[PDB]
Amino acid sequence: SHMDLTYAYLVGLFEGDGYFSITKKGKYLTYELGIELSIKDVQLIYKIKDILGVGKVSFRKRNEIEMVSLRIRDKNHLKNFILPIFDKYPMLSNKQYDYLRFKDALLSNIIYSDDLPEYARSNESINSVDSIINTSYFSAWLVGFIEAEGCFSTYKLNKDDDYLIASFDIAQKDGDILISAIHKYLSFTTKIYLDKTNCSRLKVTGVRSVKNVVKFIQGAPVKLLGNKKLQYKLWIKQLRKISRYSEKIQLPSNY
């Protein structure tokens, strides 16, 4: 407790799906920390807000798409509750700069739009693969980050067959270091693919990798919370039907 390990889960989850933003408001400035998910996670925004004790929740539907936000902008609530979290549990991607800049500005009582210095994320990495795996909270943080950015899919090759394939995938923009640390923490061997938009994309599909993914969510000191838990659990079940997996990996159903 204090900032009990579930607080790491959070910074992970925000790092992937959230954002620390200071925005114009005429003469004035707003400081948002917001997360904005698909409507599918209504249940979890309220979880996060329950955990945190702050922020306003809103719903939004643009064209066919229903979305939900938790948004924290009260600057007294940022100072007292949010900053000791990300100070306690700092982020691990290069978003850290977003936070640092933001904290700094907030703490200097910058209220006027024209006072605000021009900012732009350092492209330089702020961190080393090594410092990452060695990061005591990291265990916890990785559940959070997987809530946001991980993807447990199973799918069938070939279109015209019974043969399934059971996968885990995660990705970052300008996240070669971060992706590499995860990839190394879980003892993968596959290529981290690097795409046209500098997206660094991890994907594994073997039995031994998967045996490991499963291993990790199972041993990790915090559970998934949102739609992801659901996603995980169905995939588990799924894995019990494909033979290569079912025969090497302890496959519980009490997650």
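Each residue number is its position in the shown sequence, starting from 1.
- When the C-alpha B-factors of 151 to 159 and 89 to 97 are averaged, 151 to 159 comes out higher.
- Between 30 to 38 and 61 to 69, the higher mean Cα B-factor belongs to 61 to 69.
- Annotation for residue 124: C-alpha temperature factor in the highest third relative to the rest of the modelled chain, per the entry.
- Sort the chain's modelled residues by C-alpha temperature factor and residue 216 lands in the middle third, per the entry.
- In the PDB entry, a CA B factor belonging to the lowest third of its chain's modelled residues is recorded for residue 76.
- In this PDB entry, residue 171 carries a Cα temperature factor that places it within the middle third of its chain's modelled residues.
- Residue 210: CA B factor lies in the highest third for its chain, per the PDB record.
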